[PDB]
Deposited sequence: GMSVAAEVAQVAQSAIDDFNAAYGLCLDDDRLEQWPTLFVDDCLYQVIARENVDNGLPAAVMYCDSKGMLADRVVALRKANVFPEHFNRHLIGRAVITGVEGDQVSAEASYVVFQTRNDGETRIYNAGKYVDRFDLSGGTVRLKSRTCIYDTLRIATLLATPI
């Protein structure tokens, strides 16, 4: 029962996380994390390098918010499909999980292409009747990724 509850909570979180970004409700995105959080976007191969280079990196909620503010100030259509989560550990109301994802993007030419494929590797805080990310690492396969005014994965 407790397993089913955490599974559903995390899968609901991921569905709403994808729709928040795809709908361009970027202001909601930082609220899905705890204040003292970690969000990063790193290439699959870099997750073995001595110095894993993140191409997007936020080590506080303030940095998440800074990104949303900048994206609004210095103003494609995105679509996430996120797989069902695999829970990989439970220590009380802290739950680790992973879920595959693909972000599809449609630009001005009108063709929808695969923009970024990867998997989320997460630590969720399920305390206090809520579901928020303590840490999310987007471990990605696709080489080309936006480096200027990039919308979150």
property: Sequence ranges without modelled C-alpha atoms (deposited numbering); result: 1 to 6, 82 to 85
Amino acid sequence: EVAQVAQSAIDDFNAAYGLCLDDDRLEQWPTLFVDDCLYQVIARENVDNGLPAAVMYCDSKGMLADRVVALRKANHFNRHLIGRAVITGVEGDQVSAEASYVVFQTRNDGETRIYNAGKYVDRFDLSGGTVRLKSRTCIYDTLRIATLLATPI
From here on, numbers count along this sequence of modelled residues.
query: 16 to 24 or 125 to 133, whichever carries the higher mean Cα B-factor; finding: 125 to 133
query: Average Cα temperature factor in the PDB entry - higher stretch of 56 to 64, 116 to 124; finding: 56 to 64
query: Residue with highest C-alpha B-factor in the PDB entry, from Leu38, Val41, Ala97, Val90; finding: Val90
query: Chain-wide C-alpha B factor ranking for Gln105, given as lowest, middle or highest third; finding: middle
query: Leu32 - Cα temperature factor, lowest/middle/highest third of chain; finding: middle
query: Record-listed C-alpha B factor of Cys138: chain third; finding: lowest
query: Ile153 - which third its CA temperature factor falls in, relative to the rest of the chain; finding: middle
